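Engineer: Before I ask anything, here is the structure I am working with.
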Amino acid sequence: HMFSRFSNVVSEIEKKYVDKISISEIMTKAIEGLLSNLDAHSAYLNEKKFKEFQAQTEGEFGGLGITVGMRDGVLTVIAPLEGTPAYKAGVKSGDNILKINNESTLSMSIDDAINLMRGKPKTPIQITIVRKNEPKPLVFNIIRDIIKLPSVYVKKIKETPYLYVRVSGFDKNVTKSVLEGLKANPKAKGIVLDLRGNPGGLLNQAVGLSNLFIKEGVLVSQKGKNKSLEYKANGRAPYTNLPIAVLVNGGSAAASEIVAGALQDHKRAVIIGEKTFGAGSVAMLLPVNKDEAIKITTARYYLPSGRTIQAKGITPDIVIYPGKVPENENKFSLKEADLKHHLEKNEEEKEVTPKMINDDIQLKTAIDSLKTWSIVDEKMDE
Amino acid sequence: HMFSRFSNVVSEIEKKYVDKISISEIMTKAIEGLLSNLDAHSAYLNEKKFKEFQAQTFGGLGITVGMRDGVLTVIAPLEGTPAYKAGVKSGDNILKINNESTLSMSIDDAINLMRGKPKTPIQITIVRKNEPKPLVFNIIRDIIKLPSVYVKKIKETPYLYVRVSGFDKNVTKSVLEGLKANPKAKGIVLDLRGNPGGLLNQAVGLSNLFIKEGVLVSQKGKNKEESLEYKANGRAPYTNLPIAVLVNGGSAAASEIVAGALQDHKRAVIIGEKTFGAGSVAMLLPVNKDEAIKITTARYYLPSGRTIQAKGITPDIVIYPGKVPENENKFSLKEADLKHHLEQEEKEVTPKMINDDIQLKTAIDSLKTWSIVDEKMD
Amino acid sequence: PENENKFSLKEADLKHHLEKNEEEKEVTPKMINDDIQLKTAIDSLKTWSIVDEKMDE
Amino acid sequence: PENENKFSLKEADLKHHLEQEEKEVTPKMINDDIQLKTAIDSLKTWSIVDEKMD
């Protein structure tokens, strides 16, 4: 016990501060203030925060599935996602949330609105809407369900032998969802892997994903004052010869930098894009009360060659800033007929199309690296 | 007892953080973390900083900084100082100082980054509402001095213009002698635009010239003792003189105490735009053998029982900045142009300056209305 | 003169209601903004009302 | 293309981060035509594939 220096301060504050506050409020401010002051990433997860961490790392969410966008400072829905109970109901793009269970909106931020709207999946809820043509509200009574958000998806590229794989965050679904996504396309000759903007997630999915492609050696190593640990490939990897080009960006951080760093140090892929965020540590999450937890930075991590990235990111092999591709000055005179025949349905989101490759020069650059690798394999098989 | 949660949290932090830290570090982080979650204005002083503060009785940019909607913002730069010349403005958000990010720092941290020895350079990055990008300013620190107050006569009128740029010492004598040197005058324009604050005893020292009786302002916390109340004394020389006061979003604190006291006693007309509400006062307290805390202790209350936090003062007549309108219809017809009409039987404020801001014009037009109501009633 | 802190041209504050009407019985704030001489005539009545209320003794 | 978004947040900007532990083709020439950049980016891919296979 040496808490006297602190106990004097809480004693002086409750006596001389402007307003009335309790020891329960002062101790809560001191706990959330201490963890926020150890390093950039330690934190206190009270009961309103801890439920979000569980939801995001499971991939399961309870609510409406309507994308609210704060247009003009008001609760306009940009898009319902397909197959959610609210998409089965009559709400559409451009609908505005006026009231929740007949309680009024007031240009407030989305945070407490979704805190009210995320009732448990067993219970129906009422929402009041304004649709832009109407002088009167629309009222929806919606029976609920759990909804699933996929963190990873895979597409063919329409003209060529190559796949596009997007991983948007790390969670328990990722390793299984990539493995089945390659098994469904046995004709494929290479992967573009898109980690742009991915903030990280569970550490066992960074080791899991990178072990789909590397056969032998260390993947990552940890150090800290207490016993420290090392991860090695299990020897059982599929896909050990397939070409990979990986895209990284200034928003890529933490677990995203573990897999991009492991592939770079083992010469297993080409790294393309811009310099990353530079987060070099691992954090452990501990329950401390019945519905409250703490997150505390517990180790630093090292890439297979013994280097580390704390406060300086991964540097690409090929550097390229964002923009649209250059154009031919002839362009068929911009013929409005488009070579369309006009002689007279498809799920075309099955494939990536040339129009939306021309809109992203970083994606074009990743495909042109795969086309170079395919030539060197056809040379070297002699 | 009450330390159950805290002692559990401290035990994990000592056990399994990345680096070796002692209880002396953990208690110090818990103190600074508590005050940073209590209010925007508080701070902790260790055994070096607390004596260093007592030892110091200068140099800087002359920016005044204030917390609004969770961001550090400029209140107003003073007219003489390097930041005013450099093009810093009210309502600018401060993004970086010498490449340190402002994302998680107090008003007291930002002031201690800015203050320093004269001729030392500094760099500041700012966000401004109309701009496509952040603006970078490079400025050299100084110890410039200029008078806060001046009095100028308005050309072709009975009226005086009085400027008060900040409530530093001697403002009462500087204003009073300017009036005593102009005994023929018939009204004041008092310009408090862009005035960021100053000394309370000088602010009530100004309004005691113009109000004979009653409460000027009052200071309150949760305790009954130390609930100070400030009242006028009967020596006020100028009880009948007309006044128009100018205020805008760069005016705060001591400049709002003057405007709110004159408005509640009906002694003046307040003109311009809503002020920046800054109604709180803070005190410094020793807490350990050789350490201190700064914390907010009381709020200010106007004669009507309204408080300045965070509403400020609203003017009686609202008008935004701009130039006056002008006469195009110059060729129009008059009696003097008809055939066979019956016949007839520079140390001063110039018109060219008054035409360049309509806020100053509107203050003079109010003094003209007041002068007519006096002449009617006499 | 007009405030630089624009409302981004929002339609009547999202044309608020919460559940002809002889509007031309009254002068609106929109039609005062179109005539600076009419605004200036009202500001004189505001000044006179303060000075006359100070003299309630 | 060019780096317009110069101001953005990194680990080195945060409050309590853990600490660190005439006769040639010039970069100014390579920025003026994207065809010459694309040739060098293809050679950088080839060098990596050789380093893998060795």
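Order determines the names: the first chain of the structure tokens is A, the second B, and so forth; residues in each chain are numbered 1 upward, and ligands are numbered 1 upward as they are shown.
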Neighbouring residues of residue 49 (chain D) were defined as those with any atom within 10 Å, considering only C-alpha atoms; residues of the same chain fewer than 3 positions away were excluded. Please report them as a ChimeraX atom specification.
Structural biologist: /A:243,267-270,372-373,376-377 /D:44-46,52-54
Engineer: Pull out every residue of chain A that has at least one atom within 8 Å of chain B, counting only C-alpha atoms, and report them as a ChimeraX atom specification.
Structural biologist: /A:2-3,5-6,8-9,12,16-20,23-24,26-27,29-34,36-38,224-226,288,296-300
Engineer: Taking only C-alpha atoms into account, which of C:10, C:20, C:25, C:39 comes nearest chain A?
Structural biologist: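 Among the listed residues, the smallest separation from chain A belongs to C:10.
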Engineer: Kindly give the distance, in Å, that separates CA of residue 328 (chain A) and CA of residue 367 (chain A), rounded to a single decimal.
Structural biologist: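 Atom-to-atom, CA of residue 328 (chain A) and CA of residue 367 (chain A) are spaced 19.8 Å apart.
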Engineer: Can you pull out every residue within 12 Å of residue 53 (chain C), counting only C-alpha atoms, but drop anything in the same chain fewer than 4 positions away, and send it as a ChimeraX atom specification?
Structural biologist: /B:264-268,373 /C:46-49,57
Engineer: Could you give me the residues within region 1-53 of chain C that DSSP places in alpha helix (DSSP H), as a ChimeraX atom specification?
Structural biologist: /C:12-15,29-33,36-53
Engineer: I'd like the neighbourhood of residue 40 (chain D) as a list in words, where a residue qualifies if any of its atoms comes within 12 Å (using only C-alpha atoms), though same-chain residues fewer than 3 positions away should be ignored.
Structural biologist: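 Listing them by chain and then by number gives residues 317, 318, 319, 369 and 372 of chain A; 25, 27, 30, 33, 34, 35, 36, 37, 43, 44, 45, 46 and 47 of chain D.
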Engineer: Check every residue of chain D for an atom within 8 Å of chain A, counting only C-alpha atoms, and provide those that qualify as a list in words.
Structural biologist: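 Here they are: residues 1, 2, 3, 10, 11, 12, 14, 15, 16, 17, 18, 19, 20, 41, 42, 44, 45, 46, 48, 49, 51 and 52 of chain D.
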Engineer: Write down as a list in words the residues belonging to region 301-355 of chain A that are assigned strand (DSSP E) by DSSP computed on the backbone.
Structural biologist: residues 301, 302, 318, 319, 351 and 352 of chain A
Engineer: For chain C, report every residue with an atom at most 7 Å from chain B (counting only C-alpha atoms), formatted as a compact mmCIF listing (two decimals) with C-alpha atoms, in the first residue's frame.
Structural biologist:
```txt
# COMPACT_ATOMS: atom_id res chain seq x y z
CA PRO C 1 -24.89 41.13 -45.37
CA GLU C 2 -25.03 37.33 -44.81
CA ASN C 3 -23.35 34.83 -42.41
CA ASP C 43 -33.13 48.74 -35.35
CA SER C 44 -34.09 52.34 -34.44
CA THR C 47 -32.78 51.34 -29.54
CA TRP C 48 -35.72 53.60 -28.52
CA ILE C 50 -34.16 50.23 -24.42
CA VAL C 51 -33.71 53.99 -23.70
CA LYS C 54 -34.03 52.65 -18.70
```
Engineer: Could you list, as a ChimeraX atom specification, every residue within 8 Å of residue 189 (chain A), counting only C-alpha atoms and ignoring same-chain residues fewer than 4 positions away?
Structural biologist: /A:161-163,242-243
Engineer: Just write the chosen residues, C-alpha atoms, as a compact mmCIF listing (two decimals), in the first residue's frame.
Structural biologist:
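Result written to selection.txt:
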```
# COMPACT_ATOMS: atom_id res chain seq x y z
CA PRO A 161 -6.90 -16.65 -65.15
CA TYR A 162 -6.69 -14.58 -61.88
CA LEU A 163 -8.74 -14.20 -58.64
CA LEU A 242 0.67 -20.33 -56.62
CA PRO A 243 1.63 -16.64 -57.49
```
Engineer: Grab the CA of residue 102 (chain A) to CA of residue 139 (chain A) distance for me, in Å with one decimal place.
Structural biologist: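 Going from CA of residue 102 (chain A) over to CA of residue 139 (chain A) covers 9.3 Å.
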Engineer: Please compute the CA of residue 291 (chain A)-CA of residue 49 (chain A) distance, one decimal, in Å.
Structural biologist: 9.9 Å
Engineer: At a cut-off of 10 Å, which residues of chain C touch chain A? Count only C-alpha atoms and give the answer as a list in words.
Structural biologist: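 Contact residues on the first chain: residues 7, 8, 9, 10, 11, 13, 14, 15, 16, 17, 18 and 19 of chain C.
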Engineer: Based on the selection just made, write N, CA and C atoms of those residues as a CSV table (one decimal), in the first residue's frame.
Structural biologist:
```csv
chain,number,residue,atom,x,y,z
C,7,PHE,N,-25.7,26.9,-44.1
C,7,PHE,CA,-26.4,25.7,-43.8
C,7,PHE,C,-26.5,24.7,-44.9
C,8,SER,N,-25.5,24.8,-45.9
C,8,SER,CA,-25.4,23.9,-47.1
C,8,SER,C,-26.7,23.7,-47.9
C,9,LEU,N,-27.5,24.8,-47.9
C,9,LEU,CA,-28.8,24.9,-48.6
C,9,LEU,C,-29.8,23.7,-48.3
C,10,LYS,N,-29.9,23.3,-47.0
C,10,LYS,CA,-30.9,22.4,-46.5
C,10,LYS,C,-32.3,22.9,-46.7
C,11,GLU,N,-33.3,22.1,-47.2
C,11,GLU,CA,-34.6,22.5,-47.5
C,11,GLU,C,-35.5,22.7,-46.3
C,13,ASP,N,-35.0,23.3,-43.1
C,13,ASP,CA,-34.6,22.5,-42.0
C,13,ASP,C,-35.2,21.0,-42.1
C,14,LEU,N,-35.1,20.4,-43.3
C,14,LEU,CA,-35.8,19.2,-43.7
C,14,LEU,C,-37.3,19.3,-43.6
C,15,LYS,N,-37.8,20.5,-44.0
C,15,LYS,CA,-39.2,20.9,-44.1
C,15,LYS,C,-40.0,20.4,-42.9
C,16,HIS,N,-39.6,20.8,-41.7
C,16,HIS,CA,-40.1,20.2,-40.4
C,16,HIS,C,-41.6,20.3,-40.2
C,17,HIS,N,-42.2,19.2,-39.7
C,17,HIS,CA,-43.5,19.1,-39.1
C,17,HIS,C,-43.6,18.0,-38.1
C,18,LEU,N,-44.5,18.1,-37.1
C,18,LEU,CA,-44.6,17.1,-36.0
C,18,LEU,C,-46.0,16.7,-35.6
C,19,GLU,N,-47.0,17.2,-36.4
C,19,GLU,CA,-48.4,16.9,-36.2
C,19,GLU,C,-48.9,16.9,-34.7
```
Engineer: Per residue of chain B within 7 Å of chain D, record the nearest atom pair and its distance in Å to one decimal, counting only C-alpha atoms, with rows in chain order and ascending residue number, as JSON lines.
Structural biologist:
```
{"residue": "B:100", "atom": "CA", "partner": "D:13", "partner_atom": "CA", "distance": 6.7}
{"residue": "B:101", "atom": "CA", "partner": "D:13", "partner_atom": "CA", "distance": 5.9}
{"residue": "B:104", "atom": "CA", "partner": "D:15", "partner_atom": "CA", "distance": 6.8}
```
Engineer: Show me, as an MDAnalysis selection string, the residues that have an atom within 10 Å of residue 88 (chain B) when counting only C-alpha atoms, minus same-chain residues fewer than 5 positions from it.
Structural biologist: chainID B and resid 63 74 76:77 82:83 124 126 128 135 137
Engineer: From the set A:54, A:105, A:151, A:76, which residue has the shortest atom-to-atom contact distance to residue 93 (chain A), counting only C-alpha atoms?
Structural biologist: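 Residue with the minimum atom-to-atom distance to residue 93 (chain A): A:76.
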